[PDB]
Amino acid sequence: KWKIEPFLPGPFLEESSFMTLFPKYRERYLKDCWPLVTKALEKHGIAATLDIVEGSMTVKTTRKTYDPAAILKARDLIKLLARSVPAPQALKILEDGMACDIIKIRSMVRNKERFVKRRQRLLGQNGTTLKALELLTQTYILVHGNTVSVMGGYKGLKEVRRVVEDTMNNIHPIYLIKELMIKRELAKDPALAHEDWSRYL
Amino acid sequence: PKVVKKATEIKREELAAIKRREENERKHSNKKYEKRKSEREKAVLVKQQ
Amino acid sequence: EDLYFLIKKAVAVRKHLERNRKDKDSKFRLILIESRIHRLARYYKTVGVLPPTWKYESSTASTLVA
Amino acid sequence: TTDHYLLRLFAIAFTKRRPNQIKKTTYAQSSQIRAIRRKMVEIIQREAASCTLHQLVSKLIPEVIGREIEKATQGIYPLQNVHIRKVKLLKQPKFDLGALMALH
Amino acid sequence: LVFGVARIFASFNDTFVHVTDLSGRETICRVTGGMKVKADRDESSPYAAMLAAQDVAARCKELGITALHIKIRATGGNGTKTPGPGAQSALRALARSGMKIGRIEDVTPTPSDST
Amino acid sequence: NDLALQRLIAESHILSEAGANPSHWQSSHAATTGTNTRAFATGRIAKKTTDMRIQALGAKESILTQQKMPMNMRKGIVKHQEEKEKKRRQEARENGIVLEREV
Amino acid sequence: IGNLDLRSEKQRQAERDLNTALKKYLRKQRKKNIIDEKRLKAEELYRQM
RNA sequence: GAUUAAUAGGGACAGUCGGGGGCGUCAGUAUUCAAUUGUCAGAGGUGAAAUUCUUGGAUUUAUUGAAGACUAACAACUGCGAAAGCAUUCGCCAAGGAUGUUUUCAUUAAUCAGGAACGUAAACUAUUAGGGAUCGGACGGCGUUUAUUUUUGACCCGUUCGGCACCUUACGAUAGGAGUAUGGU
């Protein structure tokens with residue numbers, strides 16, 4: 001009911017193409033880590049070029065593409081690659097059941113020092129709270145200045161969005177991870193299938 | 001000893017910095033059409049009798 | 001004179017503050033200018049260059065502009 | 001324009017990164033930014049209040065306006081690219097089927 | 001060939017395959033995922049969008065337009081601004097069961113400053 | 001007050017570095033690295049986690065770490081680890097990613 | 001033991017002192033597919049020929 | 001009759017600079033509400049549900065109008081203000097900082113009793129002696145680009161003030177708890 005089958009086999013009249021721009025340090029990393037991305041995108045059937053003059057990634061559908069979702073996967077892939085995620089993580093968003101999201105978190109806090117405190121609180125001591133959030137939601141979270149990048153499945157995306165909202169609204173991430181652990185236990189045992197779970201939080 | 005090694009690393013950093021300053025001044029100034037004065041020449045400011 | 005330029009500046013910021021009446025940074029700067037004016041005027045009273053009864057709160061301002 | 005069409009033009013311009021530079025940030029001071037926007041408003045108004053709507057869109061297709069903006073603003077600060085990102089016709093006051101079939 | 005434009009409104013909760021003419025006003029056919037799957041939990045499934053796209057493509061080829069411009073969107077006001085598994089699997093099922101695809105555009109409403 | 005939460009927070013590093021996060025690239029590459037698809041991966045992870053719990057309970061030294069090295073291997077290991085952590089902090093400062101504060 | 005490390009010596013001296021092949025070069029660089037301003041100049045030269 | 005003119009002060013002028021403030025004005029979307037049209041069975045949540053809205057047509061699609069809010073991306077190991085705080089365009093109003101001067105008065109200074117103006121939270125924590133960045137002036141000048149050629153601005157680099165921060169150096173410094181018993185209450 002939830003499983004996505006791999007596309008087995010010209011579905012594009014107008015040769016579609018997407019573009020994104022990036023700065024110079026990203027140009028250095030993208031140039032010495034590009035051939036992985038272009039091998040995987042050629043396997044899916046999408047021609048991808050990088051321009052170190054202008055600083056622009058371009059993806060475009062070739063003649064031999066058949067998977068039509070591949071161009072949108074390519075668009076989100078190159079958006080994240082400009083947004084400085086690691087390249088193996090980008091090739092993992094090239095999977096079928098994967099999806100990204102960005103959370104703008106600068107608007108939700110007014111005071112500068114309070115926002116810095118809450119962002120470091122979301123990241124946690126030694127990265128422990130972050131990696132434990134990644135564990136309990138099966139996602140990958142990257143606190144990126146004013147925005148928070150996240151990749152994973154859709155249920156986990158909703159959970160991570162909720163947790164980021166509550167941590168910015170000053171509900172502590174330790175409280176949130178305790179909530180998530182208890183919810184995980186109630187997901188394990190099946191005799192508690194459909195009741196109001198609020199009696200345990 | 002530690003003080004001498006520390007201060008000589010700082011001395012190398014300062015001398016390399018001054019050399020890069022003089023190098024950029026040569027490359028971007030009108031002094032480009034001259035020969036680099038040797039340092040054994042640069043040691044004596046003036047001689048008089 | 002230094003005191004003349006300072007009281008002219010105080011007159012200017014006071015006229016603007018009377019027209020607007022909402023900001024507070026203008027009030028803070030007017031306070032600082034009034035303090036500087038009072039210290040300098042005190043020094044000038046001590047050196048004796050002006051009459052010791054010369055005072056400015058607002059009527060000296062209105063008379064010097066009128 | 002000449003045909004009593006009131007319209008709004010929203011133009012967007014990105015700052016040029018000059019070749020042979022080492023400084024990573026190509027920031028312009030706020031005085032330069034306001035002067036560049038003033039020149040942009042001047043150029044757009046001067047090349048949009050002289051012509052008709054058909055001439056305006058015959059200008060909009062090959063992007064002459066961004067080219068002239070770049071050509072006239074590169075002296076105050078070079079611009080990487082100048083596009084006209086929106087063109088909204090607000091009010092049309094006439095129904096001239098003569099001019100309409102003249103287009104068609 | 002006649003291009004019809006399909007709005008795929010793919011939330012996290014439900015999926016909307018919507019087919020209109022180039023105006024966007026004249027609705028040809030719409031099929032959601034909730035009207036094809038019984039479970040509200042499974043309402044947003046790639047299976048739901050697969051069945052929805054099969055129904056929609058069957059309808060629009062029985063009309064005979066066989067070519068679609070695709071506009072995908074998501075909940076954009078205070079939501080996530082990213083489409084759904086409905087969107088991906090629906091596009092896949094569509095161009096598998098026919099439907100020469102023209103221009104793809106991800107037209108989501110992005111607020112300048114919301115709250 | 002809670003304990004199992006403290007265990008999860010502490011041992012997340014080992015668990016996510018071993019095998020349990022199929023969306024993180026390190027965790028998937030380590031789910032097929034060879035030393036976690038070997039025969040007793042969960043047992044070796046159990047050994048590491050039991051040492052971590054005793055270290056939280058109050059032991060000052062470890063059981064997994066080695067003690068005697070010929071100073072060249074140890075200086076090489078320590079220099080490489082410090083260079084890698086500094087390189088990650090620098091490649092975070094560039095691109096603006098924030099990391100955890102630690103002296 | 002004692003001969004010149006020729007590559008090291010040429011690099012040291014560099015540090016002190018400071019129409020058939022371009023076709024296969026462009027073929028090699030068209031599989032990257034980095035735009036590469038040197039490849040740009042080379043493509044302009046190949047346009048000129 | 002009246003000193004140096006201070007590497008302590010204030011003032012003037014000029015070119016500037018700023019997401020400093022106040023007043024009006026201009027837009028941008030989005031949200032909500034409403035209208036019109038195409039609609040045709042769910043839409044909406046949630047881990048799962050439900051409440052609710054739904055043939056008088058919800059959600060959706062397209063076009064408008066009104067209201068109220070905020071100003072995404074740009075957005076920084078930046079900028080501004082005394083703090084709190086400050087990011088749409090433009091106009092006005094005053095103020096303010098830095099720099100330069102072939103500009104003045106010459107202790108006017110520093111500090112704070114008293115006093116005066118501004119106003120749901122927390123939750124892992126006389127130099128250092130240089131260097132590389134950075135922004136604001138100012139001076140310079142091998143050259144690219146505006147430049148149809150002088151302006152002028154952009155890029156490079158050098159000199160000199162000033163300041164927000166980095167690292168290195170210190171020049172130094174200094175500031176009962178848990179178990180286990182016994183007997184009472």
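What follows is calculated from the coordinates using simple rules that are stated; it is not laboratory data. As a convention, Cβ positions derive from the backbone with ideal geometry for all residues, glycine included, and neighbour counts pool all protein chains shown.
Here are some notes:
- Placing +1 on the Cβ of every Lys and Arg and -1 on the Cβ of every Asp and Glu, with no other charges, gives the stretch F:1-73 a dipole of roughly 240 debye about its Cα centre.
- Each DSSP beta bridge with both residues in the protein assembly as shown is either parallel or antiparallel, and the antiparallel ones are about 75%.
- Expected 222 nm ellipticity per residue - DSSP helices of 4 or more, -39500 (n - 2.57), all of chain G, to 500: -20500 deg cm²/dmol
- Residues E:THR66, A:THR65, sorted so that the one with the fewest Cβ neighbours within 10 Å comes first: E:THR66, A:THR65
- Computed over chain D: relative contact order in percent, which uses C-alpha pairs under 8 Å that are six or more apart: 51 percent
- For chain F: rounded, prolate or oblate by the Cα gyration tensor [a/c cutoff 1.5]: rounded
- In Hz, Karplus ³J(HN,Hα) per residue of the stretch C:20-33 (6.51, -1.76, 1.60; θ = phi - 60°; x = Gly, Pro): 9, 6, 10, 6, 10, 5, 4, 5, 5, 5, 5, 4, 5, 5
- Distance between the pseudo-spin-label points of G:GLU9 and F:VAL98 (7 Å out from Cα toward the beta carbon): 5.7 nm.
- Chain C, relative contact order in percent, only Cα pairs under 8 angstrom and at least six apart counted: 35 percent
- The stretch G:3-49: Rg to Rh, with Rh as the Kirkwood radius over Cα pairs: 1.24
- Which of A:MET168, A:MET181 has the fewest Cβ neighbours within 10 Å, and the rest in rising order: A:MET181, A:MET168
- Most positive-pole-ward Cα, G:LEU40, G:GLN11, G:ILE1, against dipole of chain G from beta carbon charges: G:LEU40
- Karplus-derived HN-Hα couplings along the stretch F:8-15 (A = 6.51, B = -1.76, C = 1.60, θ = phi - 60°), whole Hz, x at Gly and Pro: 5, 4, 5, 8, 4, 4, 5, 5
- Between A:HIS144 and A:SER149, the built amide H atoms are under 5 Å apart, and every one of these is 5 or more places off in sequence or on another chain.
- The stretch A:137-201 - percent relative contact order, Cα under 8 Å, separation 6 or more: 18 percent
- FRET efficiency, D:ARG34 to F:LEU5 (Cβ-Cβ, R0 60 Å, nearest 0.05): 0.65
- Leading residue at positive end of dipole, the stretch E:37-87 (Cβ point charges), from E:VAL37, E:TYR47, E:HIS69: E:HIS69
- Footprinting exposure proxy for F:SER16, C:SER35, E:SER97 (fewest neighbouring C-beta atoms within 10 Å first): C:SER35, E:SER97, F:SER16
- Inter-part distance where the stretch B:1-40 and the stretch F:1-68 are each reduced to a Cα centre, Å: 52 Å
- Of D:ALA35, D:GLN45, D:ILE69, farthest towards positive along the dipole that unit charges on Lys, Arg, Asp, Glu beta carbons give chain D: D:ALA35
- In range of the label at F:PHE40: residues from the stretch F:60-95 whose backbone nitrogen is under 16 Å from the point 7 Å along Cα→Cβ: F:64
- Using Cβ point charges alone (K and R +1, D and E -1), the dipole size of the protein assembly as shown about the Cα centre works out to roughly 2880 debye.
- Between E:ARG73 and E:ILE8, E:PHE9, E:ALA10, the built amide H atoms are under 5 Å apart, and every one of these is 5 or more places off in sequence or on another chain.
- In nm, spacing of pseudo-spin labels at E:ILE28 and C:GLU57 (7 Å Cα→C-beta vector): 8.4 nm
- Shape box of the protein assembly as shown [Cα atoms, principal axes, largest first, Å]: 100, 96, 78
- Karplus-based coupling profile of the stretch C:49-66, in residue order and whole Hz: 6, 9, x, x, 8, 5, 10, 9, 10, 9, 6, 4, 4, 5, 6, 5, 8, 10, with θ = phi - 60° in 6.51 cos²θ - 1.76 cosθ + 1.60 and x standing for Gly or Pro.
- Annotation for D:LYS23 and E:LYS61: the two label points, set 7 Å from Cα along the Cα-Cβ direction, are 6.1 nm apart.
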